[PDB]
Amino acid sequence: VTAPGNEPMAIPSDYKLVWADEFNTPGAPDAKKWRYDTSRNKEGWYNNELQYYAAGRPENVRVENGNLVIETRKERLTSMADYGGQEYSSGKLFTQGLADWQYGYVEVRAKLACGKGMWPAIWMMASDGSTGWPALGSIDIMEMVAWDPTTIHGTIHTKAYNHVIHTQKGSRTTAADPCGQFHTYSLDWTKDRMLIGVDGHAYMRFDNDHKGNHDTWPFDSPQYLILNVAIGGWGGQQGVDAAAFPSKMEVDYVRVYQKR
């Protein structure tokens, strides 16, 4: 654990809600809130991932009974022009080009996708990607890899601190039955520090060293939100269990708060 935290977190009293998706409207995700990422479907995704992210496909991404559903399936979507030979479909949504935030408290209430292979994620990347990944700054509010389905991972990545060179700043905790019950996954991002937590408890803290070095604090510019369920890579360490499909992440809401 390279970014340990141990402190409470809660929506600050002096913040207001500035953005939410409550997933109130069944059917397609609200196109004024979310866009689909298809950028690497034909080529194969990063992290040796095994999914095809289907855009506009209710089988993988839909709003039902007040929840977003991102569902993994074992199927070859060979009719898709951007199909890349994948054995699985899934979803990836982001607020890129629609909404982003510099600082804030982000709360996502979600039930995660289980089964060996599954890699549900709730994360952020900087809107200004001119420095490339990883320099632009990424915030993993929640990852879980379903070979270890009770373990919630909270991580940030920067030019200096990232998984490629094993310097990522992260921590972890566990939660009761994360695929069977909702928990709140939360980020408290200020100019001084990030806390990442579950159910009101920060288990991860990453401070701004205030050295003005973009390499170690790229987080004084806006980030957009990403929701996806990857398959394989880190999620596939103990293989991809065909019996687990279909598997779904349900997201009751995303709420963003900022200094009133």
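Numbers follow the displayed sequence, beginning with 1.
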*Comparing 206-214 with 49-57, the one whose average Cα B-factor in the PDB entry is higher*: 206-214
*Could you check which stretch, 236-244 or 15-23, carries the larger mean CA temperature factor in the entry?*
236-244
_If I read the C-alpha B-factors straight from the PDB entry, which of 76, 169, 153, 183 is highest?_
169
*asked:* In terms of recorded Cα temperature factor, pick the maximum from 108, 114, 164, 93.
replied: 164
*Would you mind checking where the Cα B-factor of residue 42 ranks among the modelled residues of its chain, as the lowest, middle or highest third?*
middle
*Place residue 129 in the lowest, middle or highest third of its chain's C-alpha B-factors, as listed in the PDB entry.*
highest
_Using the temperature factors of the C-alpha atoms in this entry, rank residue 174 within its chain: lowest, middle or highest third._
highest
*Compared with the other modelled residues in the chain, in which third is the CA B-factor of residue 227?*
lowest
*asked:* Lowest, middle or highest third: which one holds residue 62 when the chain's residues are ordered by CA B-factor from the entry?
replied: lowest
